[PDB]
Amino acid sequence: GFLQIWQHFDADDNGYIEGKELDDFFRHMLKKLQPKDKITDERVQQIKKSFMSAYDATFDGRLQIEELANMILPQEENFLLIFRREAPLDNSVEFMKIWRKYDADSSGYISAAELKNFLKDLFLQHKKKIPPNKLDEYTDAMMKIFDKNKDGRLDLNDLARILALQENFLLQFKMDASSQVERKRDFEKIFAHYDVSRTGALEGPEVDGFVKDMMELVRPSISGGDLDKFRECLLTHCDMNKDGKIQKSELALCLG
């Protein structure tokens, strides 16, 4: 298990394989590669230079969980299948449909159990059968790798990074485009993008996409909780007919 190897060598559980933990790690590696070969200080130092040049991306002389993951997990074809689609994910509404489906308790966070459901469905979509222990392993590995603040949960921006969400849609629009005709063309292009069901209202993940993208014009990547807060804030101030949807007329009113 990738996690078991990480936990063994990060002996003091401080988030880094460093000093003697790292020499012990590279001593262990020599035995795995060449069981018949005797460990020497020269060979520990030679394999260490080699692997740290390939994998110490942060250039601090230590291994953190992502650097160890790069060393072992991308050697697995089924793990790499988690990060492959042909089409770029460049519409935040499509991202929010996945967020809302797999945040099944609506906590504003993706738990290990919820991430397991997401990976299971992902493997079914590629008509691959993964052994249950490999599914558990991939789920645990993903949690440890992508849980940046170690609360045992994936936030909205963690899932965005996992799914390679491209977030440049509102950043294409320009302050220069000041003419009433230009303002109309941009408003219409904006509404059309989020109005994926083409009903002339933003419903469900369509509101979510719009709120994430709009908030991220002025602040850093927002949380799951932040999304629900700003969503309700947008409804309170723009949903005039109180149907829980943002009609094009409501958004044009709220903007100007």
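So that there is no doubt, residue numbering starts at 1 and follows the sequence shown.
Mean C-alpha B-factor is higher over 86 to 94 than over the other stretch, the pair under comparison being 163 to 171 and 86 to 94. When the C-alpha B-factors of 66 to 74 and 203 to 211 are averaged, 66 to 74 comes out higher. When the C-alpha B-factors of 219, 36, 231, 193 are read from the PDB record, the largest value belongs to 36. Out of 153, 184, 100, 144, the entry records its largest CA B-factor for 184. For residue 14, the recorded CA temperature factor ranks within the highest third of the chain's modelled residues. For residue 149, the recorded CA temperature factor ranks within the middle third of the chain's modelled residues.
In the PDB entry, a CA B factor belonging to the highest third of its chain's modelled residues is recorded for residue 179. Ranked within its chain, residue 46 lands in the highest third, by CA B factor from the PDB record.
Split the chain's modelled residues into thirds by C-alpha temperature factor. Residue 80 is in the highest one.
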